[PDB]
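First up is the structure itself, then whatever we jot down about it.
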Amino acid sequence: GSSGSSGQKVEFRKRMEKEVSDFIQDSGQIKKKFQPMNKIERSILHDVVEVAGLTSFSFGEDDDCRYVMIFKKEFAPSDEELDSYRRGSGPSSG
């Protein structure tokens with residue numbers, strides 16, 4: 001128990017709780033695209049979501065770059081769609 005704390009998860013979590021909820025109440029907003037600020041922040045947010053009552057997921061273009069996204073219950077993504085979403089828009093070409 002000392003005085004002095006920075007760059008932690010706790011604070012981050014709280015912020016997520018407020019954001020998530022705000023998005024839930026907001027009808028106009030059907031989804032939200034979060035930015036990969038930290039490496040763990042991803043898992044943290046995911047938890048806060050599943051608890052809030054929304055759909056959470058992670059999608060990134062490059063293995064190194066991985067962002068987190070969230071969708072609503074009704075506007076939630078589908079199984080097949082989810083797989084394709086991660087793989088990309090339409091790899092049909094190759």
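Chain labels A, B, ... are given in the sequence in which chains occur in the structure tokens; within each chain residues are numbered consecutively from 1, and ligands are likewise numbered from 1 in the order shown.
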Exercise for the section: Find the residues near residue 43 of chain A: any atom within 12 Å, counting only C-alpha atoms, skip ones fewer than 6 places away on the same chain, and give them as a ChimeraX atom specification. Expected result: /A:9,12-13,16,36-37,49-50,56-58,66-69
Exercise for the section: Enumerate, as JSON, numbers by chain, the complete set of residues in chain A that a backbone-based DSSP assignment places in strand (DSSP E or B). Expected result: {"A": [31, 32, 33, 55, 56, 57, 58, 59, 67, 68, 69, 70, 71]}
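For the choices A:61, A:90, A:47, A:55, the atom-to-atom distance to residue 78 of chain A is smallest for A:55 when using only C-alpha atoms.
For the choices A:17, A:22, A:11, A:74, the atom-to-atom distance to residue 51 of chain A is smallest for A:17 when using only C-alpha atoms.
For the residues A:62, A:83, A:41, A:19, ranking by smallest atom-to-atom distance to residue 7 of chain A using only C-alpha atoms places A:41 first.
Using only C-alpha atoms, the shortest contact distance between residue 76 of chain A and any of A:24, A:45, A:40, A:30 is found at A:30.
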Practice task
May I ask which of the residues A:94, A:4, A:60, A:28 is the closest one to residue 42 of chain A, counting only C-alpha atoms?
Solution key: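 Nearest candidate to residue 42 of chain A out of A:94, A:4, A:60, A:28: A:60.
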Problem - Secondary structure check, alpha helix (DSSP H) residues of segment 5-86 of chain A, as a VMD selection string - result: chain A and resid 9 to 25 41 to 52 79 to 86
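Considering the residues A:65, A:70, A:52, A:44 and counting only C-alpha atoms, residue 8 of chain A has its shortest atom-to-atom contact with A:44.
Atom pair atom CA of residue 1 of chain A / atom CA of residue 15 of chain A has a distance of 23.0 Å (rounded to one decimal).
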